[PDB]
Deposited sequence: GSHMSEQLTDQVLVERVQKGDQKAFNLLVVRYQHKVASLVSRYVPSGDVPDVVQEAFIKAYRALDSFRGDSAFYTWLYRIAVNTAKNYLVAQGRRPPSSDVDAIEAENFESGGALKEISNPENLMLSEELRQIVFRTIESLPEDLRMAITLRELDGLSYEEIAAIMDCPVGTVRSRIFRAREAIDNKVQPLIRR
(Lines of atoms letter the chains of each structure in order from A and count residues from 1; the text may use other names and numbers.)
(Lines give C-alpha, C1' and ligand atoms only; values in the text may rest on other atoms or scores of the structure.)
Protein backbone atom coordinates (compact mmCIF):
# COMPACT_ATOMS: atom_id res chain seq x y z
CA UNK A 1 0.00 0.00 0.00
CA UNK A 2 2.88 2.43 -0.62
CA UNK A 3 6.05 3.65 -2.31
CA UNK A 4 6.70 7.02 -0.63
CA UNK A 5 6.96 4.82 2.47
CA UNK A 6 9.97 3.38 0.74
CA UNK A 7 11.44 6.86 1.04
CA UNK A 8 11.54 6.59 4.80
CA UNK A 9 13.00 3.12 4.61
CA UNK A 10 15.84 4.32 2.38
CA UNK A 11 16.72 7.15 4.74
CA UNK A 12 16.64 4.77 7.73
CA UNK A 13 18.64 2.13 5.89
CA UNK A 14 21.32 4.71 5.03
CA UNK A 15 21.76 5.48 8.76
CA UNK A 16 21.88 1.83 9.77
CA UNK A 17 24.62 1.30 7.20
CA UNK A 18 26.62 3.99 8.97
CA UNK A 19 26.26 2.23 12.32
CA UNK A 20 23.02 3.75 13.65
CA UNK A 21 21.31 1.02 15.60
CA UNK A 22 18.50 3.28 16.74
CA UNK A 23 17.52 3.64 13.12
CA UNK A 24 17.50 -0.16 12.80
CA UNK A 25 15.12 -0.45 15.74
CA UNK A 26 12.70 1.85 13.88
CA UNK A 27 12.87 -0.42 10.83
CA UNK A 28 12.32 -3.52 12.88
CA UNK A 29 9.24 -2.02 14.56
CA UNK A 30 8.00 -1.10 11.14
CA UNK A 31 8.54 -4.55 9.64
CA UNK A 32 8.07 -6.94 12.62
CA UNK A 33 4.45 -8.05 11.95
CA UNK A 34 4.84 -8.08 8.19
CA UNK A 35 7.91 -10.31 8.55
CA UNK A 36 6.08 -12.57 11.03
CA UNK A 37 3.12 -12.81 8.67
CA UNK A 38 5.38 -13.92 5.87
CA UNK A 39 7.36 -16.38 8.00
CA UNK A 40 4.16 -17.87 9.45
CA UNK A 41 3.20 -19.10 5.98
CA UNK A 42 6.18 -21.44 6.04
CA UNK A 43 6.96 -22.62 9.57
CA UNK A 44 5.00 -24.04 12.49
CA UNK A 45 3.66 -21.33 14.81
CA UNK A 46 5.94 -22.43 17.64
CA UNK A 47 8.95 -21.57 15.54
CA UNK A 48 7.81 -18.29 14.09
CA UNK A 49 9.49 -15.99 16.68
CA UNK A 50 12.87 -17.70 16.34
CA UNK A 51 12.76 -17.61 12.54
CA UNK A 52 11.63 -13.96 12.50
CA UNK A 53 14.48 -13.17 14.88
CA UNK A 54 17.04 -14.96 12.73
CA UNK A 55 15.68 -13.19 9.63
CA UNK A 56 16.17 -9.73 11.13
CA UNK A 57 19.68 -10.60 12.32
CA UNK A 58 20.62 -11.96 8.90
CA UNK A 59 19.27 -8.79 7.31
CA UNK A 60 21.23 -6.59 9.70
CA UNK A 61 24.42 -8.48 8.98
CA UNK A 62 23.94 -8.41 5.21
CA UNK A 63 22.93 -4.78 5.14
CA UNK A 64 26.35 -3.62 3.86
CA UNK A 65 25.33 -5.34 0.65
CA UNK A 66 21.94 -3.80 0.11
CA UNK A 67 22.75 -1.31 -2.60
CA UNK A 68 19.20 -0.08 -3.01
CA UNK A 69 18.95 -2.00 -6.28
CA UNK A 70 15.44 -2.91 -5.25
CA UNK A 71 13.05 -1.71 -2.56
CA UNK A 72 14.27 -2.51 0.96
CA UNK A 73 11.07 -4.43 1.86
CA UNK A 74 11.49 -6.78 -1.05
CA UNK A 75 15.12 -7.38 -0.09
CA UNK A 76 14.07 -8.06 3.51
CA UNK A 77 11.22 -10.40 2.60
CA UNK A 78 13.49 -12.48 0.32
CA UNK A 79 15.81 -12.89 3.27
CA UNK A 80 12.91 -13.88 5.53
CA UNK A 81 11.58 -16.37 3.00
CA UNK A 82 14.96 -17.98 2.51
CA UNK A 83 15.45 -18.13 6.26
CA UNK A 84 12.09 -19.75 6.73
CA UNK A 85 12.53 -22.22 3.88
CA UNK A 86 15.87 -23.29 5.34
CA UNK A 87 14.09 -23.97 8.57
CA UNK A 88 11.59 -26.19 6.71
CA UNK A 89 14.44 -28.13 5.06
CA UNK A 90 16.05 -28.81 8.45
CA UNK A 91 12.69 -30.02 9.81
CA UNK A 92 11.99 -32.13 6.70
CA UNK A 93 15.23 -34.04 7.23
CA UNK A 94 14.18 -35.26 10.64
CA UNK A 95 15.09 -38.87 11.47
CA UNK A 96 12.59 -41.72 11.90
CA UNK A 97 12.40 -41.34 15.65
CA UNK A 98 11.67 -37.58 15.72
CA UNK A 99 8.01 -38.09 14.80
CA UNK A 100 7.72 -40.99 17.24
CA UNK A 101 9.02 -38.66 19.94
CA UNK A 102 6.59 -35.92 19.01
CA UNK A 103 3.79 -38.47 19.24
CA UNK A 104 4.91 -39.75 22.67
CA UNK A 105 5.70 -36.27 24.02
CA UNK A 106 2.35 -34.84 22.88
CA UNK A 107 -0.14 -35.95 25.51
CA UNK A 108 0.19 -34.47 28.99
CA UNK A 109 1.63 -36.87 31.56
CA UNK A 110 0.31 -37.17 35.08
CA UNK A 111 2.15 -35.60 36.82
CA UNK A 112 3.47 -32.50 35.07
CA UNK A 113 4.22 -33.19 31.40
CA UNK A 114 2.64 -10.65 24.73
CA UNK A 115 -0.01 -12.44 22.58
CA UNK A 116 -3.13 -11.36 20.71
CA UNK A 117 -5.28 -12.72 17.88
CA UNK A 118 -4.88 -10.47 14.90
CA UNK A 119 -8.51 -10.92 13.82
CA UNK A 120 -9.46 -9.57 17.21
CA UNK A 121 -7.36 -6.46 16.63
CA UNK A 122 -8.66 -6.11 13.11
CA UNK A 123 -12.25 -6.11 14.34
CA UNK A 124 -11.45 -3.32 16.81
CA UNK A 125 -9.67 -1.23 14.18
CA UNK A 126 -12.39 -1.57 11.56
CA UNK A 127 -15.20 -0.88 13.99
CA UNK A 128 -13.44 2.32 14.97
CA UNK A 129 -12.90 3.24 11.33
CA UNK A 130 -16.59 2.68 10.65
CA UNK A 131 -17.44 5.10 13.47
CA UNK A 132 -15.19 7.89 12.19
CA UNK A 133 -16.56 10.88 10.30
CA UNK A 134 -16.54 10.38 6.50
CA UNK A 135 -13.61 12.77 6.16
CA UNK A 136 -11.30 10.79 8.41
CA UNK A 137 -12.44 7.40 7.13
CA UNK A 138 -11.78 8.32 3.54
CA UNK A 139 -8.46 9.93 4.41
CA UNK A 140 -6.98 6.95 6.23
CA UNK A 141 -8.58 4.55 3.75
CA UNK A 142 -7.03 6.22 0.71
CA UNK A 143 -3.64 6.34 2.47
CA UNK A 144 -3.48 2.88 4.09
CA UNK A 145 -5.57 0.69 1.79
CA UNK A 146 -4.98 2.32 -1.62
CA UNK A 147 -1.47 3.61 -0.85
CA UNK A 148 -2.13 7.15 -2.07
CA UNK A 149 0.20 10.04 -1.27
CA UNK A 150 -1.05 13.17 0.48
CA UNK A 151 -0.97 15.07 -2.87
CA UNK A 152 -3.14 12.45 -4.52
CA UNK A 153 -5.49 12.35 -1.52
CA UNK A 154 -5.65 16.14 -1.60
CA UNK A 155 -6.77 16.12 -5.25
CA UNK A 156 -9.28 13.35 -4.57
CA UNK A 157 -10.85 15.08 -1.59
CA UNK A 158 -10.26 18.53 -3.09
CA UNK A 159 -8.56 19.89 0.06
CA UNK A 160 -5.13 21.20 1.05
CA UNK A 161 -2.35 18.73 1.74
CA UNK A 162 -2.18 20.14 5.28
CA UNK A 163 -5.76 19.03 5.75
CA UNK A 164 -4.97 15.53 4.49
CA UNK A 165 -2.13 15.34 6.93
CA UNK A 166 -4.31 16.35 9.80
CA UNK A 167 -7.16 14.03 8.84
CA UNK A 168 -4.96 10.99 8.66
CA UNK A 169 -3.38 11.91 12.00
CA UNK A 170 -6.73 12.30 13.75
CA UNK A 171 -7.97 9.00 12.34
CA UNK A 172 -4.87 7.32 13.66
CA UNK A 173 -5.27 8.96 17.04
CA UNK A 174 -8.87 7.78 17.24
CA UNK A 175 -7.92 4.21 16.38
CA UNK A 176 -4.94 4.25 18.75
CA UNK A 177 -7.18 5.24 21.62
CA UNK A 178 -9.11 1.99 21.24
CA UNK A 179 -6.13 -0.16 20.26
CA UNK A 180 -3.20 0.94 22.47
CA UNK A 181 -4.57 -0.71 25.57
Could you name the stretches of the deposited sequence that have no C-alpha atoms in this structure?
-> 1, 115-122, 191-194
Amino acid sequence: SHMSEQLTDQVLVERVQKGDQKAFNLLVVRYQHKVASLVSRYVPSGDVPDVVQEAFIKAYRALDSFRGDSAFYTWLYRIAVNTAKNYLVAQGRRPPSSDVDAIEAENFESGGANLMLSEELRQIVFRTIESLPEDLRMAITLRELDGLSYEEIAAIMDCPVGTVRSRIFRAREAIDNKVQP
From here on, numbers count along this sequence of modelled residues.
Averaged over C-alpha atoms, is the B-factor higher for 102-110 or for 74-82 in this PDB entry?
-> 102-110
Decide which of the stretches 41-49 and 119-127 has the higher mean C-alpha B-factor, going by the entry.
-> 41-49
Criterion, highest CA B-factor; candidates, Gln32, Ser65, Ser149, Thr141 = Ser65
